[PDB]
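The block underneath contains the structure these notes are about, expressed in structure tokens.
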Amino acid sequence: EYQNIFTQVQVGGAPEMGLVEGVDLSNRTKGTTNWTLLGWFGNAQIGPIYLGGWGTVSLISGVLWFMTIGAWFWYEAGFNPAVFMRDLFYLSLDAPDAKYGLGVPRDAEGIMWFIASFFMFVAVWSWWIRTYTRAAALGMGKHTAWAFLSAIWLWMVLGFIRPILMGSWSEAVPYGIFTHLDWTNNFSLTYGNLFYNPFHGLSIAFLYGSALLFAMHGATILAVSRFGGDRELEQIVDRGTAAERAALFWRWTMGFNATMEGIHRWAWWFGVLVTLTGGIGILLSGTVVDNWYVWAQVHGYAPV
Amino acid sequence: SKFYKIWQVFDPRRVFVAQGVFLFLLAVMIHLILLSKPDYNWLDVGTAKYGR
Amino acid sequence: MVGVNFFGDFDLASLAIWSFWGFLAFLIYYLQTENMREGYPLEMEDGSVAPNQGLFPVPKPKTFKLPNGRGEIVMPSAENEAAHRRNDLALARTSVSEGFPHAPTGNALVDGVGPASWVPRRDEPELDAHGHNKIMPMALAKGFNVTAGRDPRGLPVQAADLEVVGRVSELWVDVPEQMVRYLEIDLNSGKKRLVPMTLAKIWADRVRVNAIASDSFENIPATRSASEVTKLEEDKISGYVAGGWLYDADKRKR
Amino acid sequence: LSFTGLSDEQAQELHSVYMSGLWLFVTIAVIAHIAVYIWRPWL
Amino acid sequence: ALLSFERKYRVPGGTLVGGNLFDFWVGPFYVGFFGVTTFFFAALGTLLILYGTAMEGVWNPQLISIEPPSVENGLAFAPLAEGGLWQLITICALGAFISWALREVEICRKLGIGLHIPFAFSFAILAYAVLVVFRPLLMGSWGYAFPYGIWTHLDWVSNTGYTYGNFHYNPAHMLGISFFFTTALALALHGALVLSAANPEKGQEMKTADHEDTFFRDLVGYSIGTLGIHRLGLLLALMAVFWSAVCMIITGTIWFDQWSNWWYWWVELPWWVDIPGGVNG
Amino acid sequence: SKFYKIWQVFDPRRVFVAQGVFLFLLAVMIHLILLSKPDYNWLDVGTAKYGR
Amino acid sequence: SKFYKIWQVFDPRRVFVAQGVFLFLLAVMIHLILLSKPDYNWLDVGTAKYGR
Amino acid sequence: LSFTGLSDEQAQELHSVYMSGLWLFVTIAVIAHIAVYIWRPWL
Amino acid sequence: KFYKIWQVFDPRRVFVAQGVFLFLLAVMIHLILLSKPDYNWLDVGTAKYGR
Amino acid sequence: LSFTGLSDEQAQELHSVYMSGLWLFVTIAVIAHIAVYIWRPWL
Amino acid sequence: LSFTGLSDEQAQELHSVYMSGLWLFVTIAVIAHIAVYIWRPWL
Amino acid sequence: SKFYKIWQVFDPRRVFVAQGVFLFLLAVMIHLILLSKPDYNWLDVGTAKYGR
Amino acid sequence: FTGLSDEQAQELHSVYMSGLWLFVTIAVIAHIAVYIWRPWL
Amino acid sequence: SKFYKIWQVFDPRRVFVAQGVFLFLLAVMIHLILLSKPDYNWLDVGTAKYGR
Amino acid sequence: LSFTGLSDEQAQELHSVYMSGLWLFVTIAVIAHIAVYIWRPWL
């Protein structure tokens, strides 16, 4: 009747600084912290981070990005702090005017957008390389980078590629909290009803499937945590009744099952296919299809 | 002067890469600033100069 | 590339969606084959090998090279399944037909069947990267102190029949993870026995174990070492305890 | 003496090299800014 | 039909209702009382979908659509050809889902594992019900629910969302979105991490939990732990669906206008309203 | 005044870093405030001043 | 005159850095309120004084 | 005693040189405010 | 005997709480004054002095 | 002690200094208030 | 006492070099604000 | 009469802070409700007492 | 429940009540003061 | 002249990755930019020159 | 002196080859830019 959601008893010790497997220890920090508010739901150690080159690139570029957008927010607000904290959500570093096409915008808002985007480019790619390297230094696999690359694919398709194919940086997303929502709506409305973008439907299928799957996996692993199912790496190699019971639950339930490694394989795909299908479905919007409801009618999933 | 003591408090690696990033990004930023201006845009300038 | 049909109504969009169907087919193949590394070949109730071995073929063996010189593990393999194979099973067929249960012949918590089943993991303990044991009692774990929560040590252990059996003595911890896995009991019978923390609910005045009743706390498997605990002993203990949610329910009160 | 652990000799020479590079850089920068002002004054 | 370890678990017991009656397996599947119920309900709903599209004369699986009664029908039962089919299919679907959950329960207690999974599923049933049962009742009519068509419940979504302008401005919707995105994110990260440990660079030994914790501490300065990530993704999904149910039950019952006008209470606070600056001045 | 003991209070490396970011961000804030105002824009003004 | 004691209660490092952030934010906020108001915008007032 | 662990003397010396600092800040502030009052009177 | 509070509460906590609270209060009062055309000192000053 | 374990007398000292600070604060505030009522009264 | 552990004399030389760079930066900024005042004033 | 042990019942520390928060919040809300009513707004009454 | 108030429960409560008194006298003076100036009932 | 000590700081197998990446990014940026300009778009200007 | 496990002999060889390649790349780039100036000048 203990469901293992919140940890009852906390323990700790000298911080677990790390594992030296080819990591540069000098680029690592040495200060840790304990914060029990988390210990209740997870580890409490806000442990040492790695301060590297790619990380510095990312931090610098992305902070310039952030503060650039904040600068334009101020200018757009009359420098009145109360306007800033009033219209904070309604403000925007809107995207260049279509007149400029793909040329360097000849306005302030536009070039600020362009520069902030350059910074984001640098930051994201630096962080991807940082994932690759941190997994190469500890001697692990690069699955995390190839998953992130999926996210990068969508993000690029939206900021860089799709517009280049359409010939306008106007197509790209504004940097605001409500304006990028408005952008999504206007994108759907301009191009038919995006629902009828089969790849949109697939990305949705995989988002819902990711939630489905993580609830399944998590509830299972907490159910078999009384047999140490939380320790998975050791149930792939030294199988125990945790894995057997989980597999047999799902077998007796739906007729098929997985293994303590293959469920992880299933997760890595439902995740990345959310942004692989999205990128394609966004590329094809306006370059291959100016309206999706009619494509549906013609293709048979929508009625005449 | 005793500026040469800074390398007793800073490590060459972090500082070098930070300075590289900072300078390159600054160059790009200022170049784009200029090209946004119908004036100082060397492309458009040399365009009008040679009458093309 | 708008309104450009290669043939019929087929444009880049159609080609892409169809290519995706194909890739997806290959992917379901891949995943449902990689979910075969454990459990196959399919058996009957007789222990034989059956004709229906699935429509997806078992894949080609890979290899896991373990840390701390524990060797090479090959999945799928005969060694893998035969090690984790249970024998001398106290079970009786309920019918000659297949698809019907198999009753426990004797005491199941002991005979290791049903929810109380265990699996022959290897009687070597679980290790960290450094090769030190993962589970240490909090007293050997240098530096380990309670950083929060109710320190259970010394609290009585109420059981499913509401009766009391002993007092907690020590906490067994996952040092690399910094969390409490097992708790130990100083039983009335003069014995020490472990019980998983996930099966024990720390109250303010006590520790409640609604899984099993009191008659069972004594027949719990023990540890050949009081400073370490292996994966095998862990499975035996955990199965025994968890089986009480079915096999000691006539005793559970409240 | 040092949070980095280095010596005065190593730091002295490191600084000499870094500053020679800095001077080369600043030199080219001034050259170019001057050629520009001549090309299109911004003041 | 059995796995090399499926036997010692095929023991009797763990049944909420029934007993020996129905404690058996059909192929891989366990069928108790509730297995029989879910099969019956599912099969009936399926056949009724097919008859509904047969009456219509539609046979394309994408254009097949069984729609709810008119809104004017109100909350009464309608003719099978004008809503009764949708209603019976809804009944059968709900029975099927609840029975699936209770089957999961029977199995969880035969295999001696916790009941987290049926709990998780309960939230999804709750949301489906919010859509087809509760929200209507509070809105006065079955016809406000969604249809059983692959590409038509999307039209219901669109029209229902444009009734209140850009539904994006519903805050509970915002939270649903955010938790869904974070769920996919954490799922990918977990899978990638584990596979990267188990399947490392060539010529290297398998890795352990310590390497995972260290890699993510290196990356972002915090690691949640092997148990904490499961806890987390579970809670993310649940709160998402919680917020998603909350977003819909308040859409046409407590709210009635465009959702944008909600955030204008922050603008219209007297000490920054008149200020002439920004977007709202 | 004996302010030097602030260096006995907290460390040089971190205060140096913060100082650098603070100064650069401030310099940029101010230069931008200027560019935003029509006059004080060193570029458009020079364009007025020199023709073009 | 007993005020020197506080530092026996606080760690002057934390006090000092929090003090610094406080002061800087206050400055930028006060200066900004002033820039925002049409009067007190030293830049617009100047440009009106020198008629630019 | 001292939550900080600071010496009693340490406390007096820290507050003193700290006060020199707070005072410098205040004096520059007064000079500036006064200057502005002449150029623009806010009251 | 109001000196007895120091035994119940910690001065470190009280200073870091009271300070933030008082700052907030001052900011709020000032803002309420500013929101009113009257009591907006910057505004009043500009008119009185003719600017 | 029961809670903080603050030494008495020192706690009384803490009360004294705290009170001095409070009095200082309130006085400055009232002076400011009186300054204002005369400049722009409210009552 | 010395949380950082920097010695008194190491601290003194640190502050010396720090303030050298500081005054350099400050007088350069002064040069700059002067030149600005000359081409375009702002007060 | 016998109210001495309200403290044996309640830990003094939490209770005092909660009391404080509650009182402050309640005052703020009543003042707000008064300022909300044009008739009851003290600042506006001053606008009547003095012509300003 | 605290177990530290066995003796000073009296002291704690009494001083708390004294504070309460100061606060309430100030409050009553304030209420009288406002009622004449603007009367609310 | 003693620049050769940079390689006593940076392990070159990462520096070379970074450098090649940077250079390709830059080449693409400038090529594209020029392609965005009808005056410097070599394809279109050649089309017009030869008269095709 | 060395944080990268290299010695002067190694590093001087390395800078030699690196600068060879760099001069070659700069050479082809200069040639190209000159040909383009002839083709279409940007100044």
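Order as written gives the chain letters A, B, C, D, E, F, G, H, I, J, K, L, M, N and O; numbering starts at 1 within each chain.
We take it that a residue touches a chain if its C-beta (ideal position, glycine included) is under 8 Å from a C-beta of that chain, and two chains touch if they have at least 3 such contacts.
K.L.:
Using the touch definition from the top, what's the fewest steps needed to get from chain B to chain G?
P.N.:
Steps on the shortest route: 2.
K.L.:
Which chain is most central here if centres come from C-alpha coordinates alone?
P.N.:
A
K.L.:
The N-O interface: which of F-H, B-D or D-F repeats it, judged by over half of the contact pairs being the same residue numbers?
P.N.:
More than half of its contact pairs match N-O, so it is B-D.
K.L.:
Once you count every C-beta pair in contact for both, which comes out on top, H-I or E-I?
P.N.:
The greater number of contacts lies at H-I.
K.L.:
Indicate the whole-number Å distance between the mean C-alpha point of chain F and the mean C-alpha point of chain I.
P.N.:
31
K.L.:
Measuring centre to centre with CA averages, how many angstrom lie between chain G and chain I?
P.N.:
16
K.L.:
At what distance in angstrom does the C-alpha mean of chain K lie from that of chain F?
P.N.:
Their C-alpha centroids are separated by 13 Å.
K.L.:
Between chain B and chain E, what is the gap in Å from one C-alpha centre to the other?
P.N.:
Inter-chain centre distance comes to 52 Å.
K.L.:
Which positions in chain D are in touch with at least two other chains?
P.N.:
In chain D, residues 1, 3, 10, 14, 16, 40, 42-43 touch at least two other chains, as defined above.
K.L.:
Could you tell me which residues belong to chain N and also touch two or more other chains?
P.N.:
Residues 3, 5, 9-10, 37, 39-40 of chain N touch two or more partner chains.
K.L.:
Can you tell me which residues of chain C touch two or more of the remaining chains?
P.N.:
39, 64, 66, 84, 117, 119, 129, 176-177, 179, 239, 242
K.L.:
Which bits of chain I are touching chain H when the two form their complex?
P.N.:
11-12, 41-42, 44-45, 48-49, 51
K.L.:
Give the list of chain N residues in touch with chain A in this complex.
P.N.:
14, 18, 33, 36-37
K.L.:
For chain H, which residues count as touching chain K in their complex?
P.N.:
The contact residues of chain H facing chain K are 6-7, 10, 39.
K.L.:
Note which residues of chain A are touching chain N in the complex, please.
P.N.:
Within the complex, chain A touches chain N at residues 53, 101-104.
K.L.:
Residues of chain A touching chain F in their complex?
P.N.:
Of all residues in chain A, those touching chain F are 67, 71, 75, 108.
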